[PDB]
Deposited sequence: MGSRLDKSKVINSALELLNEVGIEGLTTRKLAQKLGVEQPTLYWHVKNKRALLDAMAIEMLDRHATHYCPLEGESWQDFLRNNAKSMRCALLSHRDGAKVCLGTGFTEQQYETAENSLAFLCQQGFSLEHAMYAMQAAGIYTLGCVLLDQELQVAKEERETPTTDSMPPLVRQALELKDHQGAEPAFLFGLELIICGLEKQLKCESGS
């Protein structure tokens, strides 16, 4: 039993039971150890999720604009990888640092560069958080909304929101 072996069953197990379902006992059970053994690889449910989150991102995660774009898209992908995958991400260094330079090398007031990182990430995050709950969960205007909304999903909505964000980043830069 290495730590890899734990984190990955954790992810399978996630798929089966959901984030509320995912207990250290249930994990111990699947892996066929006893609960205590697990603590050699994980502090507790918190530290474990934080580990699961990372792995998701490892696995499923040039101009500046088309950095932001490709960063999010991958994040977004990474989140939808698993049940309740966004909820996991919610509650959780070098890659950070690079980014904020690679941003400031294109004339970005660090502060702003942060807020750019943040805006995209938070949005990507909200979108998926929401694709994932509608899972768990008329007048005439609405219905086509809905039916076009259904025909398509959220990927358009995702991208179209990703797009305004970038647009406004061009504008708040020229200043």
So, counting the deposited sequence from position 1, which segments are absent from the coordinates? 1-4, 66-73, 105-110, 156-166, 205-208
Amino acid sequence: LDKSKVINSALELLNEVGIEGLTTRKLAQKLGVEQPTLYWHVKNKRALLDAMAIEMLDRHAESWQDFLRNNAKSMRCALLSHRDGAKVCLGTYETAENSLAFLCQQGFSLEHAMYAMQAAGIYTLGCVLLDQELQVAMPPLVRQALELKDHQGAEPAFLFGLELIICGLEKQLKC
From here on, numbers count along this sequence of modelled residues.
Looking at the entry, does 113-121 or 142-150 show the higher mean C-alpha B-factor? 142-150
May I ask you to compare 47-55 and 24-32 by their mean CA B factor in the entry and name the higher one? 24-32
So where's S74 on the chain's Cα temperature factor ranking, which third? middle
What third of its chain, lowest, middle or highest, does the C-alpha temperature factor of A101 fall into? highest
Ranking every modelled residue in this chain by its Cα temperature factor as given in the entry, which third contains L134? highest
Ranked C-alpha temperature factor of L68 among modelled chain residues, by third: middle
Sorting by Cα B-factor within the chain, modelled residues only, which third would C127 end up in: lowest, middle or highest? lowest
